[PDB]
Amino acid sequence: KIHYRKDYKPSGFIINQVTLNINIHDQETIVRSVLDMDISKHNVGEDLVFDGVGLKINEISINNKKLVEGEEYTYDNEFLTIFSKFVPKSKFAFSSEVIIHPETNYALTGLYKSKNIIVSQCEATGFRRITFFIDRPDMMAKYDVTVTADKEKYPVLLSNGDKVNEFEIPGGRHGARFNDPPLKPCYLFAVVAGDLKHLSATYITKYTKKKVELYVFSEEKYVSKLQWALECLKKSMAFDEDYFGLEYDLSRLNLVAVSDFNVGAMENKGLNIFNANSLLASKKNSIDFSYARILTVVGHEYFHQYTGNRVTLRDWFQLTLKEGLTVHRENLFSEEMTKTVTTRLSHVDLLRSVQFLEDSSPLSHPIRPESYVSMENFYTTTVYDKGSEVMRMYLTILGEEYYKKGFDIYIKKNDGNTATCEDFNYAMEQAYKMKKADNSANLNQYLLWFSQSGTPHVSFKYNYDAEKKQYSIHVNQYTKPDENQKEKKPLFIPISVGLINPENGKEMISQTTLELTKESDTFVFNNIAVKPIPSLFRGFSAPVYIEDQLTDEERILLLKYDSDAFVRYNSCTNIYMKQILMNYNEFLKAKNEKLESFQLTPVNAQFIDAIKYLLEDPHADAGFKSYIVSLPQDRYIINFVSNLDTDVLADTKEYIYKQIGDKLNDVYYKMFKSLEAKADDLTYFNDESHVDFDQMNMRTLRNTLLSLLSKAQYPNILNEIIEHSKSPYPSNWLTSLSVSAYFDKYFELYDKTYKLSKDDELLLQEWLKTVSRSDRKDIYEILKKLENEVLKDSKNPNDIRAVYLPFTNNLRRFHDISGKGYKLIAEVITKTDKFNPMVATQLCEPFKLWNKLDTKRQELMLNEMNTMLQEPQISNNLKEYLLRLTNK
């Protein structure tokens, strides 16, 4: 079945109360469920159909009358059908007893066992794998849940709500009962059982002065890695209080880390469950990246408590209303807490690489799709990250004060209810009306951000009249037709702009957000004393392709002197892109024409001079510096080249990196040495509450320079590499492994770092990733060694994703013209699809650009997707993904 957004219809049934008994045994888990139900005003006498996947039925009843299979109900392992003739006309009880098997549930959806912890994952459609339900988010009910288990193996028992009873059971078993009176959808139900250890704190809310208990749990081995998460939770609570004025409403919040998890974390009410790699860190055993990941993922699930949990989705097509909005709240949080410009830059760099690729691929979809078949395939960077950019533009358009007023309208009008994207637009419209002093002004055009797929292109032309002191910015917007809209309409595009005086680098006009609402417009500015350089889309103010039509000399001057971090970064990006496209076509012609000699256009010398200038600026940001020395991401570049030949791109990037290194390697080396003291400062190495994002950026800059100097084979850099391997920080010593790929000591540092990584589950996975991404000529043999010596038959999604996905970014080797790379990942996708369809679909990520490559590689990748499509046991998830991806 394909579900279409236009076909939403309230249920003809009501579920008022869920009473659950989940009894965990060694070989099986027994779920007894009583559903206090009713007939709704939309009933039309239909069969009572519950969702129920993979359940072994012991018995069902209606009003303590056991139902007979065949004459009274059919169950096909997916839908339980009780025919209307046996369905009461008033308040009735439906009860069932089913058997499920968490120990062998390797799809990690529903109830499953992660190492020695039983844990649930119910969003989107996992609750029906636990018991029968009308498994859809508008079906709101009260929950009363008892869990029993062997007490020695499972001493800690958690579910939603208040623990109201704890009782011993003969046979060394024990039980706990949890009552959660407030209504919730079933995807927010959770249960956890295990030998869990914890850190805890008490938070007192800002206004009600309520005492909230905060618990963070892990397995005993890793309980020393919980401190940052707890700190991040407190920060998230303060931020929503400080920025949005929202307080936590429950008496307890639990965070739980498990080793086996399909995604990052899950916002189950009062019982947030996390991938261990997004909750656990320690400075001895984690790379720097973990600290920003934990901060964002803890924040993200907390912010869901309002945007997702208190204000609910009517239906799954509204997904971006909770995910896009929560990512937006997440990003505002991280920007505030890290206080570095590279936080925002990192979100743009993700959007413009990953999400732009998806939105020009055959998978392109608006942030509110009109249909789906696999609800799990709905969870995408379009829905999340373009969703967040659409959510963020409300704030750009409105400003902080009226944005907060509109957000408050939304929460006040809809708290405790279901909502839709239109509800949010309406709340923002009310704030737009107050801001414009015009109650006729509206945001109806803005709704197209939700329904229109594809990335708008925004282009510029300029005019300066020197005698008139008059400056004109002519703007054009354009979206390519795709499979979702033949004719694209103009969106409401807010363009944050400044005007830079090229003589002194000063701002020429006040804060200004151009509201482009037509396919084209001309914005004129008077009293402009000299010809300015425009600073366009400051902060990346709309999710668009920016065609700035500036000269490289103009872009260099913005890069040196503009006030906005993103426009500086983007101006640099654009200079690189111009060079990349030029040298690419030059390498491509020489290859196509079989030239025996040929020329390459060198990198702009004034550009290199500007990079040196900024690198030598003591007062500049170390994180920003590391962005300017890095060419754009390969998946950003691919949006600008038809039939991209990856070897020619590899040769292009190589030439450009070499050109710049040939001028700046001595600068790179000087800085790498002068940065050591502050970057590797150990003063707070044993304080897990002390987290310094500037210092971590300094290490990123050192590790970026080290990589450049190593690839360049800078004299005696191997000494620096070996000394780096001795650093206490894993970002440093795992960096020493990857950059030693260019040297004969690689396999000596392979063994050294493995021995340092093998005793921590998460640190080993980072090691796997480092090996996987190593720029090695023998990388295929090294992956085979990982498979045989380390990965083996692990079904842990973290292990599989660590071995294979970084490798897929290896431009020369993953795209080896034999197809051996496409064949290797295809085999892994098909093998993984037999037990975890969602992760199988994640492993298809490299294929998303398949139709953007040279015709030979297009054919290689298509052949492999057609082979996976032909596997007789293919999951629905994977089949539907690959059918869409290949346009079938």
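Note that residue numbering follows the sequence shown and begins at 1.
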- Message: So, looking at the entry's B-factor column for Cα atoms, which has the higher mean, 817 to 825 or 41 to 49?
- Response: 41 to 49
- Item | Average Cα temperature factor in the PDB entry - higher stretch of 530 to 538, 142 to 150 | 142 to 150
- Message: Checking the record values for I717, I294, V524, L226, which has the greatest CA B factor?
- Response: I717
- Query: Between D617, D645, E231, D135, where does the Cα B-factor run highest in the record?
  - Reply: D617
- Task: Report the third (lowest, middle or highest) to which the CA temperature factor of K66 belongs, ranking only the modelled residues of the same chain.
- Result: highest
- Note on the structure: Chain thirds by Cα B factor, record data; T841 belongs to the lowest
- Just say lowest, middle or highest third for the CA B-factor of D180 relative to the other modelled residues in its chain. middle
- Sorting the chain's modelled residues by C-alpha B-factor and splitting them into thirds places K852 in the middle
- Can you tell me which third, lowest, middle or highest, the CA B-factor of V667 falls into for its chain? middle
